[PDB]
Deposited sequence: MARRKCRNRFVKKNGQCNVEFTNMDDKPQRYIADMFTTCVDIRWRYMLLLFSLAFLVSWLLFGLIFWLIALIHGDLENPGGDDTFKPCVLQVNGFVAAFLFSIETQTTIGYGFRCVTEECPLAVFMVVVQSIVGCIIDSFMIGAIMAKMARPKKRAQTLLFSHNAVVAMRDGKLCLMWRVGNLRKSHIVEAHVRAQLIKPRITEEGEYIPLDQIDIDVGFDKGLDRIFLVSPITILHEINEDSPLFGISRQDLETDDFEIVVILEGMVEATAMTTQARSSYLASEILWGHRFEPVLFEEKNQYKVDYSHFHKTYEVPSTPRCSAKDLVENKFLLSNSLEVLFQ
């Protein structure tokens, strides 16, 4: 009903505007796209090859080498066979790439031309080294790492061991593991405090076992996360009828160090009130066979009805028992 803060794929639906502007290289490197970075580097080569080509051409002109490029017994050029700009350009390329076919070749005659080969060589090494580093930076820090973690499409409400629970499923799409993996959840909705303060989107924890460490999971086969709805839950007063009427969002988070990518990851998804299925339970995916366990991921998102599920809130379930005792 209201706008969705976090999309089902984890993407946050929030635009930032009217920010402040401040006056690093590593961040700049990984942002720019491939085709743009490769054009940039090929530009850096052209510019250096033209710059030095022009300088060697000038040196040829002033020395009189364009009139006698091969030299003779009386005359030795600065750089053999520089007879024009194209030849000067070729010698620059040949020097910096270090192809050096050698028909065009520097001589001992001109200390400036010697100096210029010394400088071009060093500039060449620098440009190359930066290209290798920029390529590794972008190679090592991509921005489209395909998600390795999966949330179910729906959450459910149902009874487990005498308690009304909100439940969602998480699974790992690879055979590699998640180290120090742990889960969180939040109820997102606006509210006004008793002092009349408006909070556009207040985020209220959904307890999944933090205080006894049980928020920490060892995720091999898909696990079902449990939030007991009790006094302290923000869903304590919500019945099945309140659900289809209500307008709120539950954000769910899984965090951990993913072996596959060697980086700490935050996977996300969202459940609107209208995506929570009261009186449902998830289809098992894990089955034992021969000498090995197996997970059929088709049943990952699938649920089934439990009609014996109470339709009243957890508060009502509690307050019924205290009355069914007095009289």
* Structure fact -> The deposited sequence goes unmodelled at 1-5, 29-33, 338-343
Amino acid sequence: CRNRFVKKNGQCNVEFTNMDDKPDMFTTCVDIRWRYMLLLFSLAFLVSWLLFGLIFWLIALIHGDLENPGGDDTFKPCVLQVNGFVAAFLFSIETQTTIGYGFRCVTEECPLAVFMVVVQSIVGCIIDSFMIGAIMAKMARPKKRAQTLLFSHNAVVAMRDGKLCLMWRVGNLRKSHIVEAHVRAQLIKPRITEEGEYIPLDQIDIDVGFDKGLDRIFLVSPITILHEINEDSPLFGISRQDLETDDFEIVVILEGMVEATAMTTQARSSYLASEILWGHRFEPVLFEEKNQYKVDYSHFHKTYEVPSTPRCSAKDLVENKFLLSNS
From here on, numbers count along this sequence of modelled residues.
* **Of 91-99 and 195-203, the one with larger mean CA B-factor** => 195-203
* **Between the two ranges 30-38 and 267-275, the one averaging a larger CA B factor in the entry** => 30-38
* Selection by C-alpha B-factor (highest) of 184, 104, 216, 143 -> 143
* Thinking about Cα B factors across the chain, which third does residue 237 belong to? -> highest
* **Among modelled residues of the same chain, the CA temperature factor third for residue 48** => lowest
* Comparing against every modelled residue in the chain, figure out the third that the C-alpha B-factor of residue 73 lands in (lowest, middle or highest). => highest
* Structure fact -> On the chain's distribution of Cα B-factors, residue 211 falls within the third called lowest
* Position of residue 119 among the chain's modelled residues by C-alpha B-factor, lowest, middle or highest third -> lowest
